[PDB]
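In what follows, a single structure is set out as structure tokens and then discussed.
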Number of protein chains: 2
Amino acid sequence: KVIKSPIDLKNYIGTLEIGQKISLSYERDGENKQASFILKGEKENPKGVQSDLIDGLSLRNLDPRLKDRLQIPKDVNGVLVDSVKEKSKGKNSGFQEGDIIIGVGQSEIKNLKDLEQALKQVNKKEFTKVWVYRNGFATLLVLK
Amino acid sequence: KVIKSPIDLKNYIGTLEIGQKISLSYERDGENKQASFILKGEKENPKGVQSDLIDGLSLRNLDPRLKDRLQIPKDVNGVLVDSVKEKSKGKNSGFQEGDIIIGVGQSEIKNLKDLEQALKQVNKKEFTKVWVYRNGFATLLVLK
């Protein structure tokens with residue numbers, strides 16, 4: 001059975017019974033693999049690993065020991081950028097070292113907890129509207 | 001002073017003074033003992049040991065790794081039974097290894113706290129109505 005859309009695998013599994021191994025095929029960036037997948041339901045999974053917009057990103061919580069802006073936490077709590085690996089959709093799209101993420105997709109974060117909650121939704125997006133505080137100003141970016 | 005009820009002990013303490021040592025008799029199962037007790041208030045107690053129907057049971061928390069039942073945590077949050085001691089009140093009563101306590105005294109449990117909390121009331125219960133899911137199904141017991 002051939003898959004292009006969510007309802008395709010979904011109903012395709014409505015027609016398959018448990019515990020038989022499917023040797024299904026799947027791609028990533030620009031290469032296909034074939035591997036072997038037991039049918040396991042929702043009641044049936046131990047767990048696991050992901051990334052996308054967090055691939056080779058070193059980031060951490062903050063209240064930074066810099067100047068000057070403004071006295072409210074509201075516009076500084078978020079997450080600091082140590083490093084950005086070039087392949088990541090950030091550096092496709094002008095994300096850089098020394099930035100501070102204040103929000104992801106028009107919505108604001110206080111920390112790695114809020115970052116990772118939004119960063120878990122980014123492969124549900126074709127791009128993201130991030131806001132990153134630089135040395136002086138927050139720029140809006142368009143990450144692809 | 002001879003004891004058969006709690007209003008024997010309670011009202012005997014109503015008629016006994018502080019700090020003295022009291023060489024009381026007590027029994028277990030089929031063996032009486034004497035040891036000596038300091039009169040120690042409610043406002044007076046340094047901590048101890050509490051077994052009965054938990055006595056040496058090996059039970060831990062679950063969402064288990066098998067099928068099938070239902071699509072809700074409500075019947076499957078609980079605790080799961082690695083072993084059951086022969087000397088204990090479960091094996092007098094039809095309880096076994098491979099079981100899963102979902103409820104105790106017609107009240108349901110989510111983990112080891114709600115187990116222990118209710119197996120802290122079984123010496124208040126002439127018998128217990130526990131409910132034990134097994135490999136496929138869940139059975140009321142008469143824990144004597």
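Structure values in brief
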{"item": "Tally of residues being surrounded by 10 or more Cβ atoms within 10 Å (Cβ to Cβ) and within 24 Å of the chain's Cα centre (by Cα) across the stretch A:21-34", "result": "2"}
{"item": "The listed residue being in contact with an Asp or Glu (Cβ under 9 Å, 6 or more places away or on another chain) and under 30 Å from B:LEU70 (Cβ atoms), out of A:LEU57, A:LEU80, A:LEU39", "result": "A:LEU39"}
{"item": "Scan of the stretch B:3-20 for residues that are within 27 Å of the chain's Cα centre (by Cα), surrounded by fewer than 10 Cβ atoms within 10 Å (Cβ to Cβ) and either at positive phi or not in a helix (DSSP H, G or I) (or both), ordered by number", "result": "B:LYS4, B:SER5"}
{"item": "Condition check for B:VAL49: touching a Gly at 6+ places or on another chain (Cβ under 7 Å) and either within 14 Å of chain A (Cβ to nearest Cβ) or at negative phi (or both)", "result": "no"}
{"item": "In the stretch A:101-138, the residues that are β-branched (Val, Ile, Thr) and over 28 Å from A:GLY48 (Cα atoms)", "result": "A:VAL132"}
{"item": "Residue match in the stretch B:77-84 (condition: of a type in the set (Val, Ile, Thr), under 26 Å from A:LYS43 (Cα atoms) and within 14 Å of chain A (Cβ to nearest Cβ))", "result": "no"}
{"item": "Counted residues, the stretch B:52-67 - those being within 14 Å of chain A (Cβ to nearest Cβ) and among the acidic types (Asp, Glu)", "result": "1"}
{"item": "Where a residue in the stretch B:1-25 is over 11 Å from B:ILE38 (Cα atoms) and its partner, wherever it lies, is of a type in the set (S, T, N, Q) and part of a loop (DSSP other than H, G, I, E, B), with Cβ under 9 Å and at least six apart", "result": "B:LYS1/B:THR15"}
{"item": "Boolean, A:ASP99 is more than 17 Å from A:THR139 (Cβ to Cβ), touching a residue at least 24 places away in the same chain (Cβ under 8 Å), in contact with a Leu (Cβ under 9 Å, 6 or more places away or on another chain) and of a type in the set (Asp, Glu)", "result": "no"}
{"item": "Counted residues, the stretch B:45-80 - those being in a loop (DSSP other than H, G, I, E, B), surrounded by 10 or more Cβ atoms within 10 Å (Cβ to Cβ) and either among the charged types (D, E, K, R) or in contact (Cβ under 8 Å) with a residue 60 or more places away in the chain (or both)", "result": "6"}
{"item": "Index of the failed condition, A:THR128 passing every other in (1) surrounded by fewer than 18 Cβ atoms within 10 Å (Cβ to Cβ); (2) touching a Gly at 6+ places or on another chain (Cβ under 8 Å)", "result": "(1)"}
{"item": "Residue in the stretch A:21-44 that is farthest from B:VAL76 (Cα to Cα), counting only those that are away from every other protein chain (no Cβ under 14 Å) and in a loop (DSSP other than H, G, I, E, B)", "result": "A:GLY30"}
{"item": "Unmet criterion (only one of (1) closer than 17 Å to B:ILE54 by Cβ; (2) out of contact with any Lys or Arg (no Cβ under 9 Å at 6 or more places or on another chain); (3) assigned to a loop (DSSP other than H, G, I, E, B)) for B:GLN96", "result": "(2)"}
{"item": "Residue under evaluation B:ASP99, criteria (1) out of contact with any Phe, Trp or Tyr (no Cβ under 9 Å at 6 or more places or on another chain); (2) away from chain A (no Cβ under 14 Å); (3) among the acidic types (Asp, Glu), criterion not met", "result": "(1)"}
{"item": "Test: residue in the stretch B:112-119 that is closer than 30 Å to B:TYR12 by Cβ, in contact with a strand residue (DSSP E or B) (Cβ under 8 Å, 6 or more places away or on another chain) and either assigned to a loop (DSSP other than H, G, I, E, B) or of a type in the set (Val, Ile, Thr) (or both)", "result": "yes"}
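Ideal geometry is used to build each Cβ from the backbone, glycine not excepted, and the neighbour counts take in all protein chains shown. Only the coordinates and a few stated rules stand behind these numbers; no lab work does.
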